[PDB]
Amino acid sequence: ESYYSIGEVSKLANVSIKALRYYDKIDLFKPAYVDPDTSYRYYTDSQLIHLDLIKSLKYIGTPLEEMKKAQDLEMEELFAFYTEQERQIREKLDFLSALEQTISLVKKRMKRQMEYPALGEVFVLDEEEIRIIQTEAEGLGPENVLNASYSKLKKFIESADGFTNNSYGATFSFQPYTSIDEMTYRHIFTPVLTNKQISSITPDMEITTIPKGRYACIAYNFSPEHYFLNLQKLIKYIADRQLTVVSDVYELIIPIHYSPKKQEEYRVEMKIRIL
């Protein structure tokens, strides 16, 4: 015998007016009475029960046209719909959960770049392993290597990590080169950062890693004059301190920013392993 205006319901049910009006329009929840002249909406007390579900499902995030299907459902049938919701949640849980490790690790790798002891000078250091995806570089050089050169590797990684490599890598044979002009990349690769499977990897992609070990490194900010010089510096450090190299030179390039409105700049790192 008590009837509620939209305002009354709104306050009562902690749902907004514009919201009830909306739910009225999509015929998910309609007033018991619409005065035909004033088009005012009036609601019975016994209606409010229909909101409990709506409100819940909303909180869960069920889309509206979907609630409508849910309303009809009988107790046993609704139960199942819930466990559907349960499974859908576990997914998001996984998906984020994964992302959390990913980002913490992206961050961990960004740290070293800012904590690098000095630029332009060579030093040795003890390195954790880095897993990576590589492919034969088909006669590519520092000179003519392209971004596009990476696109297949980059599919795989994205399909795997979801989270595109900040980084670009290539390797080549440690030699007394005298010229950029003399150098060819053996493979080019990009680091993976998930231990998530890589479905349907084709066999022209080797999964391998930059082994744990001790490394003569040198790292600077790119510019053409320095590239070759710093390589030189490296070779020298080896030959002088008289060491035995046991890998290629690994070279990794990392943007310092992605502003398309500032001049491009990149951090380069050449490392190599020793006995």
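In case it trips you up, residue 1 is the first one in the sequence shown, and so on.
- The stretch 92-100 shows the higher mean C-alpha B-factor when 181-189 is compared against 92-100 in the entry.
- Comparing 49-57 with 223-231, the higher mean C-alpha B-factor in the PDB entry belongs to 223-231.
- You'll see in the entry that, of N147, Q134, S159, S173, the Cα B factor peaks at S159.
- Of the candidates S247, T209, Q242, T44, the one whose C-alpha carries the top B factor in the deposited record is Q242.
- Per the deposited record, the Cα B-factor of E143 falls in the middle third when ranked against the other modelled residues of its chain.
- Looking at the C-alpha B-factors along this chain, the one for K25 belongs to the middle third.
- Among the modelled residues of its chain, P203 has a C-alpha B-factor that falls in the middle third, as given in the PDB entry.
- Annotation for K11: C-alpha temperature factor in the lowest third relative to the rest of the modelled chain, per the entry.
- In the PDB entry, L105 places in the middle third of its chain by CA B-factor.
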